[PDB]
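So the structure is just underneath, and the comments pick up after that.
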RNA sequence: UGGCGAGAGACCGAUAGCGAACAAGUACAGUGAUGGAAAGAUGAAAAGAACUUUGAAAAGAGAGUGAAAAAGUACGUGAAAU
RNA sequence: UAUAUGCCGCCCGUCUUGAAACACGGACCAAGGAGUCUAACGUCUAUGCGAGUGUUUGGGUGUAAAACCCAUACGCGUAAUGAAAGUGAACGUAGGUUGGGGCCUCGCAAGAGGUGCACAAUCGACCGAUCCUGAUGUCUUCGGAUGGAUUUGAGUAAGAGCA
RNA sequence: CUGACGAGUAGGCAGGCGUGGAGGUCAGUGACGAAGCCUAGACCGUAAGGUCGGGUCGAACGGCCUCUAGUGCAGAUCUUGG
């Protein structure tokens, strides 16, 4: 009572029915995984430059 | 009618004629077969009490919480709006209704 | 400026009295809400039928 | 026998007419097809393709969002357009003057806009006033604020709210939600 | 709706939309939530994670009347005043005529802050308040009176 | 225990009755449903209170 | 959802509706507990065919009643298989 | 429409990789005959109202199992988060950047500048939990201010739900 | 008006034909003959099917706008009858 164990025939043809999807990179990719020391610094650097470009500009 | 003085018993025999109070105004009588428009014979007391029942800008409601509905267009005629003055000065001129068959 | 509906007597003879429209006759004439609500309301005097 | 690349006879997936049977909305669609065909201004093609949108795709714009749109710089005199409805918001106290034009208007919204001195305008009166769409603003209510879009794309580590009837303790907080009971999500 | 269902459009097609190979049969997966830790584990993990096990403490004979404590944001707090007196109360933004608001009278057990009541003094009567709500009420001028 | 009677919203019920009363006016929709009003005086037809 | 007395229907219309529209819990089967049918509709009214002839009789053929017996008590219309 | 003639044409349904099959059902005809109704829901539409919504458990009426009118609650929604005690959402035009339909100004036009709702990505702020920091006072060891952190939620960020 | 395209089982969706019954309308048709049945007679629609003529027959039935469903058959060693 054996049967077919595996194939990959009609697997590269199903995928190309819908056209292998490019991963949609963005401007400002997510900082999840960036080193936490640099991440804390860049948090406070953006925090500083928002103060500098909000308070000084009137 | 608005005040019954032997009117339902008077006209309950004649075929077709149905009577209805103002405060009732059944929908199953006014639009039979979901088709609009029944030839309704009002009485004068019924006409004024209809003004009291459904309300207007002056009288308020007499149905708690109810206001007569708002339109979403100001005039049911559209060609009147399309014509009048202001649109046609903003409109590019017209092509022919059926086009020439070139080639 | 309501269009001043006149009142008829019992013997015809349209009387000089006049009445304004009660502003129900300027409501939105909606055939579709009347249609669907008429179907849902007309199903409300049905009795139960069933087999044993 | 043509070798085809994409779908034969592909219905575009957009609407061409509103699925609703409201007669007066079909009259507004009748008017804006004329204006979108013969004014060649883009405003008439954004109103026309927002009348076709459904009830979920026309979420209601609170009158406080109209207050934010009139606190916007250089836009204090624009006549704001909301294809859809306009609902009242009881959280604002100062409301500005100018014109709001929508399909519908809730009762508190007309009360507040007329109380502040403004004028509520149905879209055909705006088409009389602004044929090419002179001096307007189109707002949209939030679409991803729904109770149903709160649950879309439910899966592991995606943080999107399991469809559930009764919440609290004891209902989907065990194995698969915390570390001590197996895994977390 | 019987004339609108698709099993009336299937009159003429052998299997009525259920398939010839995989025949429509009685209960092929089980009755109900069968096999939750079994052949449906991939459906008890994702879309329902956390369905299996215990989490908390048992509260024998729980009465929800004990836990009646609806909240009121400072965003509303003026809809408790009726709309006719509200404009007379926003004007004369001053003491000695502060509008008494009994928040319990509409059924609110706690007053929470959510942003910027106007500068009119207000005597909020409540059972519970939150710390960032009473600071905003006090900064508006009015005070909070604890009732029961 | 088939569902025999159907709920309608109360305000939509009043909406439909309001649209029916508004349709009992000027008689395109009244001449549409038969209703031989081809020779009448003006519509809405109001008769005196004596009736 | 039992008994009696009532009113009704977006139900079924005689292979349906109760098992039962009829002498239906009947005919019938089983030692018994029990099982359990089929079967309505000539015409307005029997006026349901006097009389003659063929045949031993059933019947036929004429005659006649009937709007019509291409309605004759195997009876309304009377399909398909055959 | 019948027949003659030329060429073609294996009985349908079914499982099946494949049946005209030496696979199974089918002698014929008439009638009956198989995804229906309900409870709770999901997604999508349409309608009413919309910070609400829901008349119909019940009451008054009635041309009386219909229609009509209605109080009080109650259900869902308007607030989350914790096992729980409990606490419970604006530093800032409720933010910053990028991309944005449309609108405004200049320009004949192409375009340039401003404004940028929805939506997409991302950095912040705030609310609850967790882990830290833990000051003034102190029914003298209770109490939490401030400051945080690659932690965490089905949160907020001028409400979108109800029927 | 212009252009492109048209295999399809399981399957999905759309536009529709038919049936029993319900609200409306055509002041519809009809014992000077409705419904039904037969009809190598005819017309329309791609098709579901609709329509007419002839015969038979004997009292009810349709078009359209909507509603509702015990709604459509060649097959189930399908049920009953022949």
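Protein chains in written order, with this note's numbering: chain A, 1 to 58; chain B, 1001 to 1103; chain C, 2001 to 2052; chain D, 3001 to 3185; chain E, 4001 to 4148; chain F, 5001 to 5051. We put the CB at the ideal spot given by N, CA and C, even for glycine.
Suppose you measure from the CA of residue i to the CA of residue j; what does that come to, to the nearest Å?
i: residue 4095/E; j: residue 4084/E; result: 20 Å
i: residue 3026/D; j: residue 2026/C; result: 19 Å
i: residue 3164/D; j: residue 3151/D; result: 10 Å
i: residue 3054/D; j: residue 1011/B; result: 48 Å
i: residue 5024/F; j: residue 5044/F; result: 7 Å
i: residue 4050/E; j: residue 4032/E; result: 18 Å
i: residue 3141/D; j: residue 3067/D; result: 13 Å
i: residue 55/A; j: residue 49/A; result: 10 Å
i: residue 3004/D; j: residue 21/A; result: 20 Å
i: residue 3179/D; j: residue 4046/E; result: 16 Å
i: residue 4117/E; j: residue 3037/D; result: 49 Å
i: residue 3147/D; j: residue 25/A; result: 29 Å
i: residue 1003/B; j: residue 1053/B; result: 14 Å
i: residue 1088/B; j: residue 3031/D; result: 13 Å
i: residue 47/A; j: residue 57/A; result: 16 Å
i: residue 5002/F; j: residue 28/A; result: 58 Å
i: residue 3028/D; j: residue 1041/B; result: 34 Å
i: residue 4079/E; j: residue 1049/B; result: 34 Å
i: residue 4113/E; j: residue 4077/E; result: 10 Å
Would you mind working out which of the options sits nearest residue i, comparing C-alpha positions?
i: residue 4111/E; options: 4027/E, 4032/E, 4071/E and 4044/E; result: 4071/E
i: residue 3097/D; options: 3118/D, 3109/D, 3081/D and 3078/D; result: 3118/D
i: residue 2008/C; options: 5050/F, 5022/F and 5046/F; result: 5046/F
i: residue 2028/C; options: 1042/B, 1032/B and 1072/B; result: 1072/B
i: residue 4068/E; options: 4055/E, 4057/E and 4104/E; result: 4104/E
i: residue 5014/F; options: 1068/B, 1056/B and 1091/B; result: 1068/B
i: residue 3073/D; options: 3124/D, 3157/D and 3137/D; result: 3137/D
i: residue 4136/E; options: 4029/E, 4058/E and 4123/E; result: 4123/E
i: residue 2003/C; options: 2041/C, 2037/C, 2024/C and 2035/C; result: 2024/C
i: residue 2035/C; options: 5040/F, 5020/F, 5010/F and 5011/F; result: 5020/F
i: residue 4029/E; options: 4043/E, 4146/E and 4006/E; result: 4043/E
i: residue 3019/D; options: 3078/D, 3160/D, 3120/D and 3052/D; result: 3052/D
i: residue 1078/B; options: 3011/D, 3110/D and 3024/D; result: 3024/D
i: residue 3122/D; options: 3114/D, 3017/D, 3100/D and 3044/D; result: 3100/D
i: residue 4119/E; options: 4108/E, 4024/E, 4109/E and 4099/E; result: 4099/E
i: residue 3081/D; options: 3034/D, 3014/D and 3065/D; result: 3065/D
i: residue 4075/E; options: 3115/D, 3050/D, 3012/D and 3091/D; result: 3091/D
i: residue 3154/D; options: 3185/D, 3143/D and 3044/D; result: 3185/D
My guess is that residue i and residue j are in contact by the Cβ rule of under 8 Å, so how many angstroms apart are they, rounded?
i: residue 3133/D; j: residue 3041/D; result: 5 Å
i: residue 3162/D; j: residue 4048/E; result: 6 Å
i: residue 2032/C; j: residue 3021/D; result: 4 Å
i: residue 3169/D; j: residue 4144/E; result: Actually they do not touch by this definition, with Cβ atoms about 32 Å apart.
Of all the alpha helix (DSSP H) runs that stay within the bounds of the region 3016-3058 of chain D, which reach a length of 4 or more residues? Within the region 3016-3058 of chain D, the runs of alpha helix (DSSP H) at least 4 residues long that lie entirely inside it are, in chain order, 3023-3038 and 3044-3051.
For the region 3095-3110 of chain D against the region 4126-4136 of chain E, do three or more pairs of beta-carbon atoms, one drawn from each stretch, fall closer than 8 Å, so that the two count as touching? No contact exists between the region 3095-3110 of chain D and the region 4126-4136 of chain E.
The region 4004-4016 of chain E in contact with the region 4050-4069 of chain E per 3-pair CB rule at 8 Å: Contact fails: fewer than three Cβ-Cβ distances are below 8 Å.
Report yes or no: do the region 3058-3066 of chain D and the region 3079-3099 of chain D share at least 3 C-beta pairs separated by less than 8 Å? The region 3058-3066 of chain D makes contact with the region 3079-3099 of chain D; the number of CB pairs closer than 8 Å reaches 3 or more.
Unbroken alpha helix (DSSP H) runs of length 4 or more, entirely within the region 1064-1099 of chain B: which are they? Within the region 1064-1099 of chain B, the complete alpha helix (DSSP H) segments at least 4 residues long are 1079-1083, listed from N- to C-terminus.
4-residue-minimum alpha helix (DSSP H) runs that sit fully inside the region 4038-4064 of chain E, ordered along the chain: Within the region 4038-4064 of chain E, no complete alpha helix (DSSP H) run reaches 4 residues.
Three CB pairs or more closer than 8 Å across the region 3116-3130 of chain D and the region 1072-1084 of chain B: Counting C-beta pairs with one atom in each stretch, the region 3116-3130 of chain D and the region 1072-1084 of chain B have three or more that are closer than 8 Å, which means they touch.
Counting Cβ pairs, one atom from each stretch, are 3 or more of them under 8 Å apart for the region 4035-4054 of chain E and the region 4086-4093 of chain E? As far as the Cβ criterion goes, the region 4035-4054 of chain E does not touch the region 4086-4093 of chain E, which means the pair count is below three.
Using 8 Å as the Cβ pair cut-off and three pairs as the minimum, do the region 4137-4147 of chain E and the region 2011-2020 of chain C touch? Judged by Cβ distances under 8 Å, the region 4137-4147 of chain E makes no contact with the region 2011-2020 of chain C, as fewer than three pairs qualify.
For the pair the region 5020-5038 of chain F and the region 1020-1040 of chain B, tell me if three or more CB-CB distances fall below 8 Å. Below 8 Å, enough C-beta pairs join the region 5020-5038 of chain F and the region 1020-1040 of chain B to call them touching: three or more.
Assess, as a yes-or-no matter, whether the region 1024-1035 of chain B is touched by the region 36-49 of chain A under the definition of 3 or more beta carbon pairs within less than 8 Å. In the pairwise beta carbon analysis, the region 36-49 of chain A is classified as not touching the region 1024-1035 of chain B: fewer than three pairs are separated by under 8 Å.
In chain order, which beta strand (DSSP E) runs of at least 3 residues are fully inside the region 3110-3164 of chain D? 3120-3122 and 3136-3138, all fully within the region 3110-3164 of chain D.
With a floor of 3 residues, list each beta strand (DSSP E) that falls wholly inside the region 4007-4042 of chain E, ordered by position along the chain. Runs of the beta strand (DSSP E) lying entirely within the region 4007-4042 of chain E and spanning at least 3 residues: none are present.
For the region 4056-4106 of chain E, list the alpha helix (DSSP H) runs that are entirely contained and at least 4 residues long, ordered along the chain. Along the length of the region 4056-4106 of chain E, whole alpha helix (DSSP H) runs at least 4 residues long occupy 4083-4090, reported in chain order.
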